[PDB]
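To be precise, the following lines are coords-v4.txt, and they hold compact mmCIF, C-alpha atoms and all ligand atoms.
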# COMPACT_ATOMS: atom_id res chain seq x y z
CA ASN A 10 116.33 114.25 119.72
CA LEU A 11 115.58 110.89 118.10
CA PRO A 12 111.97 110.76 116.86
CA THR A 13 109.52 107.86 117.09
CA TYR A 14 107.37 107.13 114.05
CA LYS A 15 104.32 105.16 115.09
CA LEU A 16 103.17 103.24 111.99
CA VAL A 17 99.92 101.34 111.71
CA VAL A 18 99.38 98.58 109.16
CA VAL A 19 95.66 98.30 108.24
CA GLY A 20 93.57 96.44 105.71
CA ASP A 21 91.22 93.50 105.35
CA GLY A 22 92.06 90.09 106.77
CA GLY A 23 94.22 87.95 104.49
CA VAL A 24 95.92 90.74 102.51
CA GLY A 25 99.40 90.08 103.95
CA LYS A 26 99.76 92.64 106.77
CA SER A 27 101.50 90.11 109.02
CA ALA A 28 103.65 88.65 106.26
CA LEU A 29 104.79 92.14 105.25
CA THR A 30 105.52 93.25 108.80
CA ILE A 31 107.40 90.05 109.66
CA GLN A 32 109.39 90.32 106.42
CA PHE A 33 110.32 93.88 107.41
CA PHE A 34 111.45 93.03 110.96
CA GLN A 35 112.65 89.44 110.60
CA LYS A 36 113.61 89.18 106.90
CA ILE A 37 111.71 85.91 106.45
CA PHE A 38 108.41 84.94 104.82
CA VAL A 39 106.02 83.40 107.35
CA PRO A 40 103.03 81.86 105.54
CA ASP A 41 99.58 81.59 107.14
CA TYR A 42 100.46 83.60 110.25
CA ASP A 43 97.69 83.36 112.88
CA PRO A 44 94.96 85.57 111.40
CA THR A 45 93.80 87.02 114.71
CA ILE A 46 97.10 87.77 116.49
CA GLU A 47 97.91 91.47 116.70
CA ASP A 48 101.63 92.19 117.33
CA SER A 49 103.57 95.42 117.75
CA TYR A 50 107.25 95.76 116.87
CA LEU A 51 109.74 98.42 118.01
CA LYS A 52 113.25 99.11 116.68
CA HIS A 53 115.80 101.83 116.10
CA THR A 54 116.70 102.03 112.42
CA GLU A 55 118.35 104.40 110.02
CA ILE A 56 116.39 105.73 107.05
CA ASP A 57 118.10 108.09 104.59
CA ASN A 58 120.99 108.52 107.04
CA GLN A 59 118.73 109.70 109.86
CA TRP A 60 118.01 107.53 112.89
CA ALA A 61 114.50 106.93 114.19
CA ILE A 62 112.51 104.57 116.34
CA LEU A 63 109.78 102.72 114.46
CA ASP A 64 106.83 101.56 116.57
CA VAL A 65 104.71 99.43 114.27
CA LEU A 66 101.30 97.83 114.89
CA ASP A 67 100.32 94.91 112.68
CA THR A 68 96.52 95.10 113.14
CA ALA A 69 94.51 91.89 113.38
CA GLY A 70 91.06 90.79 114.40
CA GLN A 71 88.26 92.89 115.80
CA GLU A 72 88.94 96.39 117.16
CA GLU A 73 86.67 95.69 120.14
CA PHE A 74 88.99 92.86 121.27
CA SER A 75 92.26 94.77 120.82
CA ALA A 76 94.06 96.27 123.78
CA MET A 77 96.23 98.52 121.64
CA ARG A 78 94.17 99.49 118.57
CA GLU A 79 92.60 102.65 119.92
CA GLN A 80 95.81 104.36 120.94
CA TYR A 81 97.68 103.37 117.76
CA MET A 82 94.86 104.64 115.53
CA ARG A 83 94.53 107.90 117.47
CA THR A 84 98.25 108.65 117.90
CA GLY A 85 99.75 106.98 114.84
CA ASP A 86 102.06 109.09 112.68
CA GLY A 87 101.36 107.19 109.47
CA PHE A 88 99.41 104.33 107.97
CA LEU A 89 99.98 101.57 105.43
CA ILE A 90 96.64 100.67 103.85
CA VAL A 91 97.19 97.23 102.41
CA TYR A 92 95.05 95.31 99.94
CA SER A 93 95.67 92.08 98.07
CA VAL A 94 95.69 92.25 94.29
CA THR A 95 93.93 88.83 94.31
CA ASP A 96 91.05 90.06 96.52
CA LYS A 97 88.86 92.68 94.84
CA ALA A 98 86.84 93.26 98.01
CA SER A 99 90.04 94.14 99.90
CA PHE A 100 90.75 96.79 97.23
CA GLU A 101 87.21 98.18 97.44
CA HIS A 102 87.56 98.37 101.20
CA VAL A 103 90.58 100.65 101.00
CA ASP A 104 88.02 103.45 100.92
CA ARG A 105 86.65 102.34 104.31
CA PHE A 106 90.13 102.48 105.84
CA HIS A 107 90.87 105.80 104.19
CA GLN A 108 87.69 107.31 105.63
CA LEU A 109 88.36 105.75 109.05
CA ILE A 110 91.86 107.24 109.26
CA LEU A 111 90.72 110.73 108.29
CA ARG A 112 87.83 110.54 110.78
CA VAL A 113 90.02 109.39 113.68
CA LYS A 114 92.86 111.83 112.87
CA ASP A 115 90.24 114.54 112.15
CA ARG A 116 92.21 115.89 109.17
CA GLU A 117 91.64 116.32 105.43
CA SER A 118 94.78 114.31 104.66
CA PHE A 119 97.23 112.28 106.71
CA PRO A 120 100.45 110.34 105.97
CA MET A 121 99.58 107.06 104.29
CA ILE A 122 100.70 104.75 101.52
CA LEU A 123 98.51 102.49 99.40
CA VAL A 124 100.10 99.05 99.34
CA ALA A 125 99.10 96.52 96.67
CA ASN A 126 100.36 93.20 98.02
CA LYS A 127 100.78 89.73 96.49
CA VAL A 128 101.99 90.95 93.08
CA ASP A 129 103.99 87.71 92.76
CA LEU A 130 100.60 86.18 91.87
CA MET A 131 99.68 86.50 88.21
CA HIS A 132 96.82 84.15 87.37
CA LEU A 133 94.87 85.09 90.52
CA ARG A 134 95.36 88.84 90.16
CA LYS A 135 92.02 90.68 90.01
CA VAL A 136 93.07 94.32 90.58
CA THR A 137 95.28 95.84 87.89
CA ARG A 138 98.23 98.11 88.48
CA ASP A 139 96.33 100.97 86.84
CA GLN A 140 93.33 100.45 89.13
CA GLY A 141 95.65 100.71 92.14
CA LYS A 142 97.50 103.75 90.83
CA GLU A 143 94.27 105.60 89.97
CA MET A 144 92.92 104.98 93.48
CA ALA A 145 96.17 106.35 94.95
CA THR A 146 95.94 109.37 92.63
CA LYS A 147 92.35 110.01 93.80
CA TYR A 148 93.50 110.02 97.43
CA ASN A 149 96.68 111.94 96.54
CA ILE A 150 98.89 109.30 98.21
CA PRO A 151 101.78 107.13 97.02
CA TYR A 152 101.15 103.71 95.46
CA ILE A 153 103.51 100.77 95.88
CA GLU A 154 103.33 97.12 94.87
CA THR A 155 104.73 94.48 97.21
CA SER A 156 105.32 90.83 97.77
CA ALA A 157 106.15 89.36 101.17
CA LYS A 158 107.10 86.02 99.55
CA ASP A 159 110.84 85.38 99.04
CA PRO A 160 112.50 87.18 97.46
CA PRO A 161 110.49 90.10 98.86
CA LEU A 162 109.49 93.04 96.71
CA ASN A 163 109.47 96.61 98.05
CA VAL A 164 109.02 95.61 101.70
CA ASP A 165 111.76 97.82 103.15
CA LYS A 166 110.89 100.48 100.60
CA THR A 167 107.23 100.60 101.74
CA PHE A 168 108.03 101.19 105.41
CA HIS A 169 110.81 103.61 104.53
CA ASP A 170 108.55 105.49 102.11
CA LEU A 171 105.95 105.98 104.84
CA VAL A 172 108.67 107.51 107.05
CA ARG A 173 109.67 109.71 104.09
CA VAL A 174 106.06 110.90 103.74
CA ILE A 175 105.88 111.72 107.45
CA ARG A 176 109.16 113.66 107.19
CA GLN A 177 108.04 115.51 104.03
CA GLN A 178 104.54 116.58 105.07
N1 LIG B 201 101.60 84.75 97.27
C1 LIG B 201 101.62 85.55 98.33
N2 LIG B 201 100.96 85.19 99.47
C2 LIG B 201 101.07 86.03 100.52
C3 LIG B 201 101.78 87.22 100.49
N3 LIG B 201 101.64 87.82 101.70
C4 LIG B 201 100.88 87.04 102.46
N4 LIG B 201 100.53 85.91 101.76
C5 LIG B 201 99.65 84.82 102.18
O1 LIG B 201 98.34 85.38 102.27
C6 LIG B 201 97.66 84.88 103.41
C7 LIG B 201 97.39 86.03 104.40
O2 LIG B 201 98.60 86.58 104.87
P1 LIG B 201 98.69 87.29 106.30
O3 LIG B 201 100.10 87.78 106.44
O4 LIG B 201 98.18 86.39 107.34
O5 LIG B 201 97.61 88.48 106.10
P2 LIG B 201 96.90 89.41 107.21
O6 LIG B 201 95.62 88.69 107.62
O7 LIG B 201 96.65 90.69 106.49
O8 LIG B 201 97.86 89.54 108.39
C8 LIG B 201 98.54 83.80 104.02
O9 LIG B 201 98.18 82.55 103.44
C9 LIG B 201 99.92 84.22 103.54
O10 LIG B 201 100.86 83.15 103.49
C10 LIG B 201 102.43 87.60 99.32
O11 LIG B 201 102.99 88.68 99.16
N5 LIG B 201 102.32 86.73 98.26
MG MG B 202 97.77 89.13 110.38

I need this file expressed as structure tokens, please.
Ligand SMILES: Nc1nc2c(ncn2[C@@H]2O[C@H](COP(=O)(O)OP(=O)(O)O)[C@@H](O)[C@H]2O)c(=O)[nH]1
Ligand SMILES: [Mg+2]
Amino acid sequence: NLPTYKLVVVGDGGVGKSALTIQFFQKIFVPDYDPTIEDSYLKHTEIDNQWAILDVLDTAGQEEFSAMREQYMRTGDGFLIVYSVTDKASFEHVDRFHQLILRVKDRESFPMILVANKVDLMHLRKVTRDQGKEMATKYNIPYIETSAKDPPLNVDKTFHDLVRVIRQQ
């Protein structure tokens, strides 16, 4: 019985949700991907020598204009909450997404990873590693730093780690 893991990528506009998801599925960096296009992606893949189907929603735009958002939020098996280390507001807003997930899933905790994207940027970085890690510690969830830019950092690891969390819960 091959399981499906339905994964939902959430976070403020501009943090790199699309770039990360495209890097994962297509192994290329696509800059400035249409900000409002919401795509899902489905593939069989092997993680830690166990096959699964990943059904991934790259969220975009307003929930009230999305055909698929409601079902993915309600039935998702795990979430990536992404912020950009160059956008302090996107970091602050992690709390909004965290609350939203726990409200919709109606649980005290739920599989999720905190993803600090754009760590290839140094001068523009406004959120420190320690700020990210403390937030993850507060929520009792894993923390990972990523870059979707070539060569990508921790992109496969992020999606795989979310699957690992779902399997470990
Ligand atoms: N330097 C850098 N820029 C990135 C990275 N990921 C995305 N971007 C850029 O950040 C902007 C927003 O990315 P996008 O994937 O559209 O974010 P989304 O709105 O969350 O889907 C675009 O200009 C991207 O080219 C990254 O890891 N590093
Ligand atoms: Mg996008």

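Note that atom CA of residue 77 of chain A and atom CA of residue 153 of chain A are 26.9 Å apart.
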
Distance filter 9 Å around ligand LIG 201 (chain B), atoms: only C-alpha atoms and all ligand atoms, out as a PyMOL selection string:
chain A and resi 18-31+38-47+67-70+91-93+126-130+155-159+161-162

Just the selected residues (C-alpha atoms), exported as a JSON list (two decimals), in the frame of the given file, please.
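result_37.json, freshly written:
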[["chain", "number", "residue", "atom", "x", "y", "z"],
["A", 18, "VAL", "CA", 99.38, 98.58, 109.16],
["A", 19, "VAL", "CA", 95.66, 98.30, 108.24],
["A", 20, "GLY", "CA", 93.57, 96.44, 105.71],
["A", 21, "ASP", "CA", 91.22, 93.50, 105.35],
["A", 22, "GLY", "CA", 92.06, 90.09, 106.77],
["A", 23, "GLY", "CA", 94.22, 87.95, 104.49],
["A", 24, "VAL", "CA", 95.92, 90.74, 102.51],
["A", 25, "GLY", "CA", 99.40, 90.08, 103.95],
["A", 26, "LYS", "CA", 99.76, 92.64, 106.77],
["A", 27, "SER", "CA", 101.50, 90.11, 109.02],
["A", 28, "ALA", "CA", 103.65, 88.65, 106.26],
["A", 29, "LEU", "CA", 104.79, 92.14, 105.25],
["A", 30, "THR", "CA", 105.52, 93.25, 108.80],
["A", 31, "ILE", "CA", 107.40, 90.05, 109.66],
["A", 38, "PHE", "CA", 108.41, 84.94, 104.82],
["A", 39, "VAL", "CA", 106.02, 83.40, 107.35],
["A", 40, "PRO", "CA", 103.03, 81.86, 105.54],
["A", 41, "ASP", "CA", 99.58, 81.59, 107.14],
["A", 42, "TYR", "CA", 100.46, 83.60, 110.25],
["A", 43, "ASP", "CA", 97.69, 83.36, 112.88],
["A", 44, "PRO", "CA", 94.96, 85.57, 111.40],
["A", 45, "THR", "CA", 93.80, 87.02, 114.71],
["A", 46, "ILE", "CA", 97.10, 87.77, 116.49],
["A", 47, "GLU", "CA", 97.91, 91.47, 116.70],
["A", 67, "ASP", "CA", 100.32, 94.91, 112.68],
["A", 68, "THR", "CA", 96.52, 95.10, 113.14],
["A", 69, "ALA", "CA", 94.51, 91.89, 113.38],
["A", 70, "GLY", "CA", 91.06, 90.79, 114.40],
["A", 91, "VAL", "CA", 97.19, 97.23, 102.41],
["A", 92, "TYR", "CA", 95.05, 95.31, 99.94],
["A", 93, "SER", "CA", 95.67, 92.08, 98.07],
["A", 126, "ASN", "CA", 100.36, 93.20, 98.02],
["A", 127, "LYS", "CA", 100.78, 89.73, 96.49],
["A", 128, "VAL", "CA", 101.99, 90.95, 93.08],
["A", 129, "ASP", "CA", 103.99, 87.71, 92.76],
["A", 130, "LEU", "CA", 100.60, 86.18, 91.87],
["A", 155, "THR", "CA", 104.73, 94.48, 97.21],
["A", 156, "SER", "CA", 105.32, 90.83, 97.77],
["A", 157, "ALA", "CA", 106.15, 89.36, 101.17],
["A", 158, "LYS", "CA", 107.10, 86.02, 99.55],
["A", 159, "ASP", "CA", 110.84, 85.38, 99.04],
["A", 161, "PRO", "CA", 110.49, 90.10, 98.86],
["A", 162, "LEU", "CA", 109.49, 93.04, 96.71]]

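Nearest to residue 145 of chain A of all the residues A:172, A:94, A:62, A:122 is A:122, counting only C-alpha atoms.
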
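Interatomic distance, atom CA of residue 14 of chain A against atom CA of residue 87 of chain A: 7.6 Å.
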
What's the separation between atom CA of residue 175 of chain A and atom CA of residue 52 of chain A, in Å to one decimal place?
17.3 Å

Could you list, as number ranges by chain, every residue within 8 Å of residue 33 of chain A, counting only C-alpha atoms and ignoring same-chain residues fewer than 5 positions away?
A: 164-165, 168

Would you mind listing what lies within 12 Å of residue 144 of chain A as a ChimeraX atom specification, with all atoms listed in the file counted and same-chain residues fewer than 2 positions away left out?
/A:90,92,100-104,107,122-125,136-142,146-153

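The shortest atom-to-atom distance to ligand MG 202 (chain B), with only C-alpha atoms and all ligand atoms taken into account, belongs to A:66 out of A:76, A:66, A:56, A:37.
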
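Distances from A:115, A:64, A:154, A:143 to residue 34 of chain A were compared using only C-alpha atoms, and the smallest one belongs to A:64.
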
From A:36, A:166, A:114, A:134, residue lying nearest residue 86 of chain A [all atoms listed in the file]
A:114

Generate the coordinates of N, CA and C atoms for segment 11-35 of chain A; report them as a compact mmCIF listing (two decimals), keeping the file's coordinate frame.
# COMPACT_ATOMS: atom_id res chain seq x y z
N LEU A 11 115.99 111.96 119.01
CA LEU A 11 115.58 110.89 118.10
C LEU A 11 114.07 110.70 118.09
N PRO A 12 113.43 110.87 116.93
CA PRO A 12 111.97 110.76 116.86
C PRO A 12 111.48 109.31 116.79
N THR A 13 110.27 109.10 117.30
CA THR A 13 109.52 107.86 117.09
C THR A 13 108.48 108.09 116.01
N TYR A 14 108.44 107.17 115.05
CA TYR A 14 107.37 107.13 114.05
C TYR A 14 106.50 105.92 114.36
N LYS A 15 105.28 106.19 114.77
CA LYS A 15 104.32 105.16 115.09
C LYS A 15 103.54 104.83 113.81
N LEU A 16 103.73 103.62 113.29
CA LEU A 16 103.17 103.24 111.99
C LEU A 16 102.15 102.15 112.20
N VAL A 17 101.02 102.27 111.51
CA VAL A 17 99.92 101.34 111.71
C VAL A 17 99.61 100.67 110.39
N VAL A 18 99.62 99.35 110.38
CA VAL A 18 99.38 98.58 109.16
C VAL A 18 97.92 98.08 109.20
N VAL A 19 97.10 98.58 108.26
CA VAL A 19 95.66 98.30 108.24
C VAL A 19 95.26 97.70 106.91
N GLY A 20 94.09 97.08 106.90
CA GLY A 20 93.57 96.44 105.71
C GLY A 20 92.78 95.21 106.07
N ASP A 21 92.03 94.69 105.10
CA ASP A 21 91.22 93.50 105.35
C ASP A 21 92.06 92.30 105.80
N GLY A 22 91.42 91.36 106.48
CA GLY A 22 92.06 90.09 106.77
C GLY A 22 92.55 89.40 105.50
N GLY A 23 93.72 88.78 105.57
CA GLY A 23 94.22 87.95 104.49
C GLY A 23 95.03 88.67 103.42
N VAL A 24 95.23 89.99 103.56
CA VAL A 24 95.92 90.74 102.51
C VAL A 24 97.44 90.62 102.58
N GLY A 25 97.97 90.23 103.74
CA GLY A 25 99.40 90.08 103.95
C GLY A 25 100.00 91.08 104.90
N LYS A 26 99.20 91.70 105.78
CA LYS A 26 99.76 92.64 106.77
C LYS A 26 100.84 91.99 107.63
N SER A 27 100.54 90.80 108.16
CA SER A 27 101.50 90.11 109.02
C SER A 27 102.72 89.69 108.22
N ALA A 28 102.51 89.07 107.06
CA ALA A 28 103.65 88.65 106.26
C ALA A 28 104.55 89.82 105.89
N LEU A 29 103.97 90.97 105.57
CA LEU A 29 104.79 92.14 105.25
C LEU A 29 105.57 92.64 106.46
N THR A 30 104.89 92.72 107.60
CA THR A 30 105.52 93.25 108.80
C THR A 30 106.64 92.33 109.30
N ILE A 31 106.39 91.03 109.26
CA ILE A 31 107.40 90.05 109.66
C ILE A 31 108.59 90.07 108.70
N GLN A 32 108.32 90.18 107.40
CA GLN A 32 109.39 90.32 106.42
C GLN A 32 110.24 91.55 106.75
N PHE A 33 109.59 92.67 107.08
CA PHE A 33 110.32 93.88 107.41
C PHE A 33 111.23 93.70 108.63
N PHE A 34 110.70 93.12 109.70
CA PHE A 34 111.45 93.03 110.96
C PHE A 34 112.35 91.81 111.03
N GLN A 35 111.93 90.70 110.44
CA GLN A 35 112.65 89.44 110.60
C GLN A 35 113.31 88.92 109.33
